[PDB]
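One structure is given here, and the rest of the page talks about it.
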Amino acid sequence: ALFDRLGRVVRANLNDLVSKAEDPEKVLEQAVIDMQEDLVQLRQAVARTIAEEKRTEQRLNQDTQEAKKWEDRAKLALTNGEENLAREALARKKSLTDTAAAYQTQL
Amino acid sequence: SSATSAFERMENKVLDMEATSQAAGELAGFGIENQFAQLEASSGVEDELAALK
Amino acid sequence: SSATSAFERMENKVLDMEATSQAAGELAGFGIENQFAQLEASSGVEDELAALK
Amino acid sequence: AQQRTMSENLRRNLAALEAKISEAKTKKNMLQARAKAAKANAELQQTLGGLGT
Amino acid sequence: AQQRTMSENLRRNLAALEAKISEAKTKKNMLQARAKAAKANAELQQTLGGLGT
C-alpha cells in the first residue's frame, strides 16, 4: 500500500494548503450563516409536519359529524316506516366511524 | 380528470398552506396572545376605575 | 337497410344510454331520495303546526 | 304519464347538482381568500423574522 | 333472472374493490406524512451532531 501512502501525502499537503487559506473571522461568520440558513429550512419542514397534524385532526372531526348526520338520518327513516334507507345509512355511518378511528390513531 | 377532483386537490393544498403559515408563526415565536391577555386585564381595571368615578 | 331498422337500432342505443346514466348515478352514490324523504317528513309536521295555529 | 314520471326524476337530479355546483362556487371564493391570507402571512413572518440573512 | 344474479355479485365485488381503494388512499396519505416526518428527523439529527468532514 505504498501508493496509498503517496496519496495520503498528496492529500495532507492540500489539506495544509486549504487550512492556511482559511481566514479566521471570515470562515467563522460563514459557519454561523450556514447554520442559520439550515435552521431556516429545518424550521420550515417542522412547520409542514406540525401542519399536517392539524389537517389530520380536521378530517377526523369532520368524519365524526358526517357519522352523526347519517345516524340521525337512520333514526328518522326508522321513525317513518322505511327499513331500507336506515340500513344503508347505518352502514355508511359505520364506514365513516372506522375511518374516524384510523384517523384518531394516526393523529 | 373530473372538475370536483381538481377542486378537492387544490382545496387540500390551500388548507395545508394555512396550516403551514400557522405552524411557521408558532415556530418563529408566537406573540398574538401574551399581549392580548395583558391588554385585557389592564383595560379591565381601567374600566372599573372609570365606572366607579 | 330499411328506415325502420335504422330507427330501431338508434332507439335501442338511446334507451341503453339512459339506463347507463341511471346505473352510473347509483354506482356514484345515489342521493335523490334520502333527502326527499326527509324534506317530506319535515314539511309534514310543519304543515300540521301551521294548520293547527 | 310516461313523460311526466321521467321529467320529474330529471328535475330532482338537476336540483341536487345545482346545490352541488353552488356549494363549490361559494367555497371557491372563500378558499381563494384563505389561500391569499396564508401566502401573505408566511411571507411577512419570514421577512419580519430575524432568522436567516 | 340470470342477469340480476350476475349483477348482485358484480356489485358486491365492486364494493370490495372500492373499500380496498379507500384504504389505499388513506394509507398513502399517512405514508406521505410519515415520510416527511422521517426526512425532517433525519435532517435534524444530521444538523445537530458534528458528524462528518
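How things are named: the first chain in the C-alpha cells is A, the next is B, and so on; residues count from 1 in each chain; ligands count from 1 in the order shown.
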
message: Applying 12 Å and only C-alpha atoms, which residues near range 87-92 of chain A remain after dropping the ones on its own chain fewer than 2 positions away? List them as number ranges by chain.
response: A: 63-64, 66-78, 82-85, 94-99; C: 29-31, 34-35; E: 19

Once chain B is fitted onto chain C by least squares over all its in-order Cα atoms, send the moved chain as a compact mmCIF listing (two decimals) with N, CA, C and O atoms, in the first residue's frame.
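What follows is the written file result12.txt:
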```
# COMPACT_ATOMS: atom_id res chain seq x y z
N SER B 1 -81.16 -2.12 -43.86
CA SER B 1 -81.12 -1.02 -44.80
C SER B 1 -82.41 -0.26 -44.83
O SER B 1 -82.50 0.77 -45.50
N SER B 2 -83.45 -0.73 -44.11
CA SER B 2 -84.76 -0.09 -44.13
C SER B 2 -84.71 1.05 -43.16
O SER B 2 -83.86 1.07 -42.26
N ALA B 3 -85.63 2.03 -43.29
CA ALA B 3 -85.65 3.18 -42.38
C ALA B 3 -86.01 2.77 -40.99
O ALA B 3 -85.44 3.28 -40.03
N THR B 4 -86.98 1.83 -40.86
CA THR B 4 -87.43 1.37 -39.55
C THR B 4 -86.37 0.61 -38.83
O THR B 4 -86.26 0.76 -37.61
N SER B 5 -85.54 -0.20 -39.53
CA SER B 5 -84.47 -0.92 -38.83
C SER B 5 -83.44 0.03 -38.29
O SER B 5 -82.93 -0.18 -37.20
N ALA B 6 -83.14 1.12 -39.05
CA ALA B 6 -82.24 2.16 -38.59
C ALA B 6 -82.80 2.86 -37.39
O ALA B 6 -82.08 3.14 -36.44
N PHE B 7 -84.13 3.13 -37.41
CA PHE B 7 -84.84 3.79 -36.32
C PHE B 7 -84.78 2.97 -35.06
O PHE B 7 -84.46 3.50 -34.00
N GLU B 8 -85.07 1.64 -35.16
CA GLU B 8 -84.98 0.73 -34.01
C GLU B 8 -83.61 0.58 -33.45
O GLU B 8 -83.46 0.47 -32.23
N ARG B 9 -82.58 0.56 -34.31
CA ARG B 9 -81.20 0.45 -33.87
C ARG B 9 -80.79 1.64 -33.04
O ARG B 9 -80.17 1.47 -31.99
N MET B 10 -81.16 2.87 -33.47
CA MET B 10 -80.84 4.06 -32.69
C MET B 10 -81.69 4.16 -31.46
O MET B 10 -81.23 4.66 -30.44
N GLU B 11 -82.95 3.69 -31.52
CA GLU B 11 -83.84 3.71 -30.36
C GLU B 11 -83.29 2.91 -29.22
O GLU B 11 -83.29 3.37 -28.08
N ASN B 12 -82.78 1.69 -29.52
CA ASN B 12 -82.21 0.80 -28.52
C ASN B 12 -80.97 1.41 -27.93
O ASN B 12 -80.78 1.34 -26.72
N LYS B 13 -80.12 2.04 -28.78
CA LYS B 13 -78.95 2.80 -28.33
C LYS B 13 -79.27 3.86 -27.33
O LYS B 13 -78.59 3.96 -26.31
N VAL B 14 -80.29 4.70 -27.62
CA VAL B 14 -80.71 5.78 -26.72
C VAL B 14 -81.19 5.24 -25.41
O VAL B 14 -80.88 5.79 -24.36
N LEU B 15 -81.99 4.14 -25.45
CA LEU B 15 -82.53 3.56 -24.22
C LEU B 15 -81.43 3.02 -23.35
O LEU B 15 -81.50 3.13 -22.13
N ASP B 16 -80.39 2.41 -23.97
CA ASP B 16 -79.21 1.91 -23.26
C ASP B 16 -78.45 3.02 -22.62
O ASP B 16 -77.90 2.84 -21.54
N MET B 17 -78.40 4.21 -23.26
CA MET B 17 -77.64 5.35 -22.76
C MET B 17 -78.34 5.95 -21.58
O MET B 17 -77.68 6.36 -20.63
N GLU B 18 -79.70 5.97 -21.59
CA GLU B 18 -80.49 6.33 -20.41
C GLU B 18 -80.23 5.41 -19.25
O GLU B 18 -80.05 5.87 -18.13
N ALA B 19 -80.26 4.08 -19.51
CA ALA B 19 -80.02 3.07 -18.48
C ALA B 19 -78.64 3.18 -17.93
O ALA B 19 -78.45 3.00 -16.73
N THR B 20 -77.63 3.46 -18.80
CA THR B 20 -76.24 3.62 -18.39
C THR B 20 -76.09 4.77 -17.45
O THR B 20 -75.39 4.66 -16.45
N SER B 21 -76.75 5.92 -17.75
CA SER B 21 -76.70 7.11 -16.90
C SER B 21 -77.31 6.85 -15.55
O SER B 21 -76.76 7.26 -14.53
N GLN B 22 -78.48 6.16 -15.54
CA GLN B 22 -79.12 5.71 -14.31
C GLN B 22 -78.24 4.87 -13.45
O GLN B 22 -78.10 5.13 -12.26
N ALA B 23 -77.62 3.83 -14.05
CA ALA B 23 -76.72 2.94 -13.34
C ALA B 23 -75.52 3.66 -12.81
O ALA B 23 -75.09 3.40 -11.70
N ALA B 24 -74.95 4.59 -13.62
CA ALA B 24 -73.77 5.36 -13.23
C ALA B 24 -74.03 6.16 -12.01
O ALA B 24 -73.16 6.26 -11.15
N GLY B 25 -75.24 6.77 -11.91
CA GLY B 25 -75.65 7.53 -10.74
C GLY B 25 -75.73 6.70 -9.50
O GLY B 25 -75.30 7.14 -8.44
N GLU B 26 -76.29 5.47 -9.62
CA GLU B 26 -76.43 4.55 -8.49
C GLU B 26 -75.08 4.12 -7.99
O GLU B 26 -74.88 4.01 -6.78
N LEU B 27 -74.13 3.88 -8.93
CA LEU B 27 -72.78 3.48 -8.55
C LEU B 27 -72.01 4.63 -7.96
O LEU B 27 -71.17 4.42 -7.09
N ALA B 28 -72.26 5.85 -8.43
CA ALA B 28 -71.55 7.03 -7.92
C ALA B 28 -71.91 7.34 -6.47
O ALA B 28 -71.08 7.82 -5.70
N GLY B 29 -73.17 7.10 -6.12
CA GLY B 29 -73.66 7.37 -4.78
C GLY B 29 -74.98 8.11 -4.88
O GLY B 29 -75.05 9.33 -4.70
N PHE B 30 -76.05 7.36 -5.16
CA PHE B 30 -77.38 7.95 -5.28
C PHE B 30 -77.67 8.88 -4.11
O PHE B 30 -77.23 8.64 -2.99
N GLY B 31 -78.41 9.95 -4.39
CA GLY B 31 -78.75 10.92 -3.37
C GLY B 31 -79.99 11.72 -3.74
O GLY B 31 -80.11 12.89 -3.37
N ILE B 32 -80.90 11.09 -4.47
CA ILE B 32 -82.13 11.75 -4.89
C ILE B 32 -83.35 11.06 -4.27
O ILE B 32 -84.36 10.86 -4.94
N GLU B 33 -83.23 10.69 -3.00
CA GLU B 33 -84.32 10.03 -2.29
C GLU B 33 -84.18 10.21 -0.79
O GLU B 33 -85.11 10.65 -0.11
N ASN B 34 -83.00 9.88 -0.27
CA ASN B 34 -82.74 10.01 1.16
C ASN B 34 -83.02 11.42 1.66
O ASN B 34 -83.40 11.61 2.82
N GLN B 35 -82.85 12.40 0.78
CA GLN B 35 -83.08 13.79 1.14
C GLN B 35 -84.55 14.16 0.92
O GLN B 35 -85.13 14.91 1.70
N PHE B 36 -85.14 13.63 -0.15
CA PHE B 36 -86.53 13.90 -0.46
C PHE B 36 -87.45 13.42 0.66
O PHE B 36 -88.37 14.13 1.07
N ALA B 37 -87.19 12.22 1.16
CA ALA B 37 -87.99 11.64 2.24
C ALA B 37 -87.91 12.45 3.51
O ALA B 37 -88.91 12.59 4.21
N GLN B 38 -86.73 13.01 3.79
CA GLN B 38 -86.54 13.83 4.97
C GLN B 38 -87.31 15.14 4.82
O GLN B 38 -88.04 15.55 5.72
N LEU B 39 -87.14 15.79 3.67
CA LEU B 39 -87.83 17.04 3.39
C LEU B 39 -89.33 16.84 3.55
O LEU B 39 -90.02 17.65 4.16
N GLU B 40 -89.83 15.74 2.99
CA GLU B 40 -91.25 15.39 3.08
C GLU B 40 -91.76 15.26 4.47
O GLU B 40 -92.80 15.82 4.80
N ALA B 41 -91.03 14.53 5.32
CA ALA B 41 -91.44 14.34 6.71
C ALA B 41 -91.40 15.65 7.48
O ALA B 41 -92.32 15.96 8.24
N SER B 42 -90.34 16.43 7.28
CA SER B 42 -90.17 17.71 7.96
C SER B 42 -91.22 18.71 7.58
O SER B 42 -91.73 19.43 8.44
N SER B 43 -91.56 18.80 6.27
CA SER B 43 -92.61 19.71 5.82
C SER B 43 -93.95 19.24 6.28
O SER B 43 -94.82 20.07 6.52
N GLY B 44 -94.13 17.92 6.46
CA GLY B 44 -95.33 17.30 7.00
C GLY B 44 -95.73 17.82 8.34
O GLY B 44 -96.84 18.32 8.52
N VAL B 45 -94.82 17.71 9.34
CA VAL B 45 -95.03 18.28 10.67
C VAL B 45 -95.11 19.78 10.67
O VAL B 45 -95.82 20.35 11.49
N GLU B 46 -94.42 20.46 9.72
CA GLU B 46 -94.53 21.91 9.59
C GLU B 46 -95.92 22.31 9.16
O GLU B 46 -96.45 23.31 9.64
N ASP B 47 -96.54 21.51 8.25
CA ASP B 47 -97.89 21.78 7.74
C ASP B 47 -98.88 21.62 8.85
O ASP B 47 -99.86 22.35 8.91
N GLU B 48 -98.65 20.61 9.73
CA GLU B 48 -99.53 20.31 10.86
C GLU B 48 -99.53 21.43 11.84
O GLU B 48 -100.59 21.81 12.35
N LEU B 49 -98.34 22.00 12.14
CA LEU B 49 -98.23 23.10 13.08
C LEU B 49 -98.87 24.34 12.54
O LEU B 49 -99.50 25.09 13.29
N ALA B 50 -98.70 24.61 11.23
CA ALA B 50 -99.30 25.77 10.57
C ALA B 50 -100.79 25.69 10.56
O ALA B 50 -101.46 26.68 10.86
N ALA B 51 -101.34 24.50 10.20
CA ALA B 51 -102.78 24.28 10.15
C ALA B 51 -103.41 24.42 11.49
O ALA B 51 -104.50 24.97 11.60
N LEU B 52 -102.72 23.89 12.54
CA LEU B 52 -103.20 23.92 13.92
C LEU B 52 -103.41 25.33 14.41
O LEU B 52 -104.44 25.64 15.00
N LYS B 53 -102.42 26.23 14.17
CA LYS B 53 -102.45 27.58 14.71
C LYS B 53 -103.32 28.45 13.84
O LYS B 53 -103.86 29.45 14.30
```

message: For chain E fitted to chain D over all Cα atoms in order, what RMSD does a least-squares superposition give?
response: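 Pairing the C-alpha atoms in order and fitting gives 0.8 Å.
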
Hey, could you make a per-residue contact list for chain A against chain E with 10 Å as the cut-off, showing the nearest pair of atoms and its distance in Å to one decimal, counting only C-alpha atoms, sorted by chain and number, as a tab-separated table?
```
residue	atom	partner	partner_atom	distance
A:35	CA	E:47	CA	8.2
A:38	CA	E:47	CA	7.8
A:39	CA	E:47	CA	8.5
A:41	CA	E:43	CA	9.6
A:42	CA	E:44	CA	6.9
A:43	CA	E:40	CA	9.3
A:44	CA	E:40	CA	9.6
A:45	CA	E:40	CA	6.2
A:46	CA	E:40	CA	6.7
A:48	CA	E:36	CA	8.5
A:49	CA	E:37	CA	6.3
A:50	CA	E:37	CA	9.3
A:52	CA	E:33	CA	7.0
A:53	CA	E:33	CA	8.6
A:56	CA	E:30	CA	9.1
A:95	CA	E:19	CA	9.3
A:99	CA	E:26	CA	8.7
A:102	CA	E:26	CA	8.9
A:103	CA	E:26	CA	8.8
A:106	CA	E:30	CA	7.4
A:107	CA	E:30	CA	9.6
```

Expected file contents, prior selection, C-alpha atoms, as a PDB file, in the first residue's frame:
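Output (part_10.pdb):
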```pdb
ATOM      1  CA  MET A  35     -26.086  27.097  10.283  1.00  0.00           C
ATOM      2  CA  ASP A  38     -30.049  25.323   7.605  1.00  0.00           C
ATOM      3  CA  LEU A  39     -32.096  26.243  10.679  1.00  0.00           C
ATOM      4  CA  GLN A  41     -35.072  25.218   6.207  1.00  0.00           C
ATOM      5  CA  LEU A  42     -35.435  22.842   9.163  1.00  0.00           C
ATOM      6  CA  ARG A  43     -37.945  25.134  10.873  1.00  0.00           C
ATOM      7  CA  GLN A  44     -39.964  25.265   7.654  1.00  0.00           C
ATOM      8  CA  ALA A  45     -40.010  21.453   7.447  1.00  0.00           C
ATOM      9  CA  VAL A  46     -41.080  21.095  11.081  1.00  0.00           C
ATOM     10  CA  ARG A  48     -45.051  21.486   7.452  1.00  0.00           C
ATOM     11  CA  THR A  49     -45.167  18.410   9.664  1.00  0.00           C
ATOM     12  CA  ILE A  50     -46.933  20.127  12.562  1.00  0.00           C
ATOM     13  CA  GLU A  52     -50.191  18.051   8.572  1.00  0.00           C
ATOM     14  CA  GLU A  53     -51.034  17.150  12.174  1.00  0.00           C
ATOM     15  CA  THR A  56     -55.428  15.260  10.002  1.00  0.00           C
ATOM     16  CA  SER A  95     -67.671   3.099   7.452  1.00  0.00           C
ATOM     17  CA  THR A  99     -62.277   5.980   9.112  1.00  0.00           C
ATOM     18  CA  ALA A 102     -57.980   5.197  11.971  1.00  0.00           C
ATOM     19  CA  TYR A 103     -57.641   8.986  11.759  1.00  0.00           C
ATOM     20  CA  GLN A 106     -52.663   8.314  13.169  1.00  0.00           C
ATOM     21  CA  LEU A 107     -53.293  11.709  14.803  1.00  0.00           C
TER      22      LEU A 107
END
```

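With CA of residue 1 in chain D on one side and CA of residue 13 in chain D on the other, the separation reads 19.2 Å.
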
Within 6 Å of chain B, which residues belong to chain D? Use only C-alpha atoms and report them as an mmCIF file with N, CA, C and O atoms, in the first residue's frame.
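Generated output (part_34.cif):
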```
data_model
loop_
_atom_site.group_PDB
_atom_site.id
_atom_site.type_symbol
_atom_site.label_atom_id
_atom_site.label_comp_id
_atom_site.auth_asym_id
_atom_site.auth_seq_id
_atom_site.Cartn_x
_atom_site.Cartn_y
_atom_site.Cartn_z
ATOM 1 N N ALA D 35 -56.434 31.282 1.019
ATOM 2 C CA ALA D 35 -55.147 30.985 0.399
ATOM 3 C C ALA D 35 -54.257 32.188 0.324
ATOM 4 O O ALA D 35 -53.069 32.098 0.617
ATOM 5 N N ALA D 38 -53.035 33.115 3.762
ATOM 6 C CA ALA D 38 -51.981 32.200 4.194
ATOM 7 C C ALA D 38 -50.666 32.507 3.547
ATOM 8 O O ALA D 38 -49.640 32.538 4.217
ATOM 9 N N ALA D 42 -47.274 33.942 5.635
ATOM 10 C CA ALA D 42 -45.998 33.240 5.602
ATOM 11 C C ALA D 42 -44.879 34.145 5.186
ATOM 12 O O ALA D 42 -43.823 34.138 5.812
#
```

message: Just the number, please: distance in Å from CA of residue 48 in chain D to CA of residue 37 in chain A, one decimal.
response: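 Taking CA of residue 48 in chain D as the start and CA of residue 37 in chain A as the end point, the length is 15.5 Å.
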
- prompt: What does the distance from CA of residue 104 in chain A to CA of residue 65 in chain A come to in Å, to one decimal?
  reply: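 The value is 14.1 Å.
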